[PDB]
Amino acid sequence: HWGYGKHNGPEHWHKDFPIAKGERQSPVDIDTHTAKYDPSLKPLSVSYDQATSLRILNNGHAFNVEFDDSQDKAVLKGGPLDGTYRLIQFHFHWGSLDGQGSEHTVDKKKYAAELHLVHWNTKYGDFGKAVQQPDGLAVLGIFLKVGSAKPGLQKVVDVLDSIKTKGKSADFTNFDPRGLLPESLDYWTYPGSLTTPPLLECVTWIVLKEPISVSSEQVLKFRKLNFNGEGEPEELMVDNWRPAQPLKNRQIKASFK
Ligand SMILES: OC[C@H]1O[C@@H](O)[C@H](O)[C@@H](O)[C@@H]1O
Ligand SMILES: OC[C@H]1O[C@@H](O)[C@H](O)[C@@H](O)[C@@H]1O
Ligand SMILES: OC[C@H]1O[C@H](O)[C@H](O)[C@@H](O)[C@@H]1O
Ligand SMILES: NS(=O)(=O)c1ccccc1F
Ligand SMILES: NS(=O)(=O)c1ccccc1F
Ligand SMILES: [Zn+2]
């Protein structure tokens, strides 16, 4: 199956997922000089005060922190979005060293990692139906740079030893995702895709301009995870990012003047 190595990685995905060469693939490079302020964007609303986290899972590609999406609790609305988008999970992409790991780039700069908070449009009723729609998903992307520790990330870091290998999960209740945000909600937005197979072109991307800082020790613990299952030869879970794809017939809009 698909993965990130030289034999099953991003350059191979198109053979089983031909949309990999499609017209609105993600991630992209964000050329900050070409991005334009868009006065039609409404204020962005990140409303996570009632979020209900449930579980953390090593899925063999990354780890997902999963939420109760059975009602409207943690949601995203406003900005480029029509209506209501429920939070279902977050995960990260990261590198083998600090100089790479992000999926989006900023004037070709690669960050050490990138956080994706994944939401689905409730008008469509379930995630599977949402991924049959052009406007089914909204992903809030946040860059990570290495510097001071992020206190709101430490609970995630410390549970990773219990989910080292593919298929392991652990309870992860009472986690507040608000602790993963930066101060500013300035953002860039464009229409794109899932960044892993099946690469479906359903996503409104909202990428925050301000990175969060995490410590070297925090990201080093991400890099101790394994792609493989228990008992199998160890393959460190690193470099689980797709490189930037062609922008094609798109424009990146900015929320700020
Ligand atoms: O426990 C994490 C978070 O869970 C939410 O459901 C609560 O309303 C928040 O006050 C709390 O910070
Ligand atoms: O025709 C002019 C229009 O061109 C579009 O490509 C831009 O997105 C708009 O901001 C602009 O007003
Ligand atoms: O909030 C996420 C998790 O953080 C810590 O691991 C707590 O010990 C655990 O009870 C909680 O589920
Ligand atoms: N297209 S793919 O899913 O990455 C893939 C799957 C299995 C073997 C080789 C491959 F390249
Ligand atoms: N990395 S992403 O685009 O947020 C993503 C989210 C959900 C499923 C597959 C994905 F690829
Ligand atoms: Zn992602």
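We did not get these values from a lab; they are worked out from the coordinates using the rules stated. Neighbour counts are summed over all protein chains in view; Cβ atoms, including those assigned to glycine, are modelled from backbone coordinates with ideal geometry.
Out of the residues in the stretch 94-118 that are part of a loop (DSSP other than H, G, I, E, B) and of a type in the set (G, A, S), state the one that is nearest to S215 (Cα to Cα).
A112
Looking at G83, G101, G79, can you tell me which residue is over 20 Å from the mean Cα position of the chain (by Cα), touching a residue at least 40 places away in the same chain (Cβ under 8 Å) and at positive phi?
None of the others qualify; the one that does is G83.
Has the stretch 167-188 got any residue that is among the aromatic types (F, W, Y) and within 20 Å of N226 (Cα to Cα)?
Yes, the stretch 167-188 contains a residue that is among the aromatic types (F, W, Y) and within 20 Å of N226 (Cα to Cα).
Give the residues of the stretch 211-257 that are surrounded by fewer than 17 Cβ atoms within 10 Å (Cβ to Cβ) and under 15 Å from the mean Cα position of the chain (by Cα), sorted by residue number.
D239, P243 - these are the residues of the stretch 211-257 that are surrounded by fewer than 17 Cβ atoms within 10 Å (Cβ to Cβ) and under 15 Å from the mean Cα position of the chain (by Cα).
Residues of the stretch 191-214 being under 21 Å from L160 (Cβ atoms) and touching a helix residue (DSSP H, G or I) at 6+ places or on another chain (Cβ under 9 Å), which ones?
Hits for the stretch 191-214 are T196, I212, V214.
Take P191 and decide whether it is within 16 Å of ligand 2 (Cβ to nearest atom) and under 29 Å from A35 (Cβ atoms).
Taking the combined requirement at face value, the residue satisfies it.
Here is a check on your reading of the model: is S53 within 23 Å of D161 (Cα to Cα) and more than 16 Å from ligand 6 (Cβ to nearest atom)?
So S53 fits the description; yes.
Please go through the stretch 179-209 and pick out each residue that is touching a strand residue (DSSP E or B) at 6+ places or on another chain (Cβ under 8 Å) and over 17 Å from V28 (Cα atoms).
Selection gives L180, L181, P182, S184, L185, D186.
Anything in the stretch 165-193 that is within 14 Å of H61 (Cα to Cα) and either of a type in the set (F, W, Y) or crowded, with 16+ Cβ neighbours inside 10 Å (or both)? List them, or say none.
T165, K166, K168, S169
So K73 passes all but one of these: (1) over 24 Å from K145 (Cα atoms); (2) away from ligand 1 (no atom under 16 Å from the Cβ); (3) not aromatic (F, W, Y). Which condition number does it fail?
(2)
Could you run through the stretch 107-118 and say how many residues are surrounded by fewer than 18 Cβ atoms within 10 Å (Cβ to Cβ) and touching a strand residue (DSSP E or B) at 6+ places or on another chain (Cβ under 7 Å)?
1
Given (1) of a type outside the set (D, E, K, R); (2) surrounded by fewer than 17 Cβ atoms within 10 Å (Cβ to Cβ); (3) in contact with a helix residue (DSSP H, G or I) (Cβ under 6 Å, 6 or more places away or on another chain), where does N121 come up short, assuming only one miss?
So the condition that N121 fails would be (2).
Just to be sure, is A130 closer than 19 Å to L208 by Cα and away from ligand 2 (no atom under 16 Å from the Cβ)?
no
What is the one condition in (1) in contact with a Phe, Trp or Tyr (Cβ under 6 Å, 6 or more places away or on another chain); (2) more than 15 Å from ligand 6 (Cβ to nearest atom) that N226 does not satisfy?
(1)
Check the stretch 24-41 and report whether any residue there is within 18 Å of the chain's Cα centre (by Cα), surrounded by 15 or more Cβ atoms within 10 Å (Cβ to Cβ) and within 16 Å of ligand 1 (Cβ to nearest atom).
Checked the stretch 24-41: no residue is within 18 Å of the chain's Cα centre (by Cα), surrounded by 15 or more Cβ atoms within 10 Å (Cβ to Cβ) and within 16 Å of ligand 1 (Cβ to nearest atom).
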